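# Below you'll find the sequence and an experimental structure to go with it.
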Amino acid sequence: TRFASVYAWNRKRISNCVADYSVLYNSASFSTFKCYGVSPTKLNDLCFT
Amino acid sequence: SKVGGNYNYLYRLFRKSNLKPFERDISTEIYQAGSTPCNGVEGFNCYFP
């Protein structure tokens, strides 16, 4: 519903779950996508901590 | 060093894979970071290395 400001951002912890970003294709329409330190195509075959 | 910045120095930023010691890569082309083909034209998700 609402977001935060620049001077006071937010932090959330996500753990113990399976990574599947394919549900964003039907609704989400992004405008920027850049990755550092990992290949975008290899994200399905790795783990994140 | 000169007024307005010297813009004759260029470096690579994006590549699909890693290099090898003592190897040169002068192939300049547009790169796709997503699943939609770039179609040879810079635009969304298409950034020049």
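Thanks, I have the structure now. Residues are numbered from 1 along each chain as shown, chains lettered A, B, ... in the order given.
# make it CA atoms for all contacts and neighbour counts henceforth
OK.
# and residue 22, how many neighbours?
Let's take chain A. By other Cα atoms under 10 Å in any protein chain shown, the residues close to residue A:22 number 7.
# not quite, I wanted chain B
5.
# What helix or strand is it located in?
Using DSSP states H and E, residue B:22 falls within no helix or strand.
# so residue A:23 sits in a strand?
No - membership of residue A:23 in a strand is not supported by DSSP: H, G, I helix; E, B strand; the rest coil, which gives helix.
# Quick check: the gap between it and residue B:36.
16 Å (Cα to Cα, to the nearest Å).
# Ok, residue A:41 next?
12 Å.
# which neighbours do the two share?
By Cα atoms under 8 Å, 6 or more residues apart in numbering or on different chains, residue A:41 and residue B:36 have no common neighbours.
# And the strands in the chain?
Answering for chain A, as no chain was given. Assigned by DSSP state E, chain A shows no strands.
# my question was about chain B
B:31-32, B:46-47.
# Parallel or antiparallel, which strands does the last one pair with?
The strands that strand B:46-47 pairs with in its sheet are strand B:31-32 (antiparallel) (by DSSP bridges).
# So which residues make contact with the strand it pairs with?
B:14, B:15, B:38, B:45, B:46, B:47, B:48, B:49.
# now do 7 Å
With contacts defined as Cα atoms under 7 Å, 6 or more residues apart in numbering or on different chains, strand B:31-32 is touched by B:38, B:45, B:46, B:47, B:48.
# Assess the claim that the second one and residue B:30 are in contact.
Going back to what we said before, that points to residue B:45. No - using Cα atoms under 7 Å, residue B:45 makes no contact with residue B:30, being 10.2 Å away.
# which parts of chain B sit against chain A?
Residues of chain B found near chain A (Cα under 7 Å from any Cα of the partner chain) are B:33, B:45.
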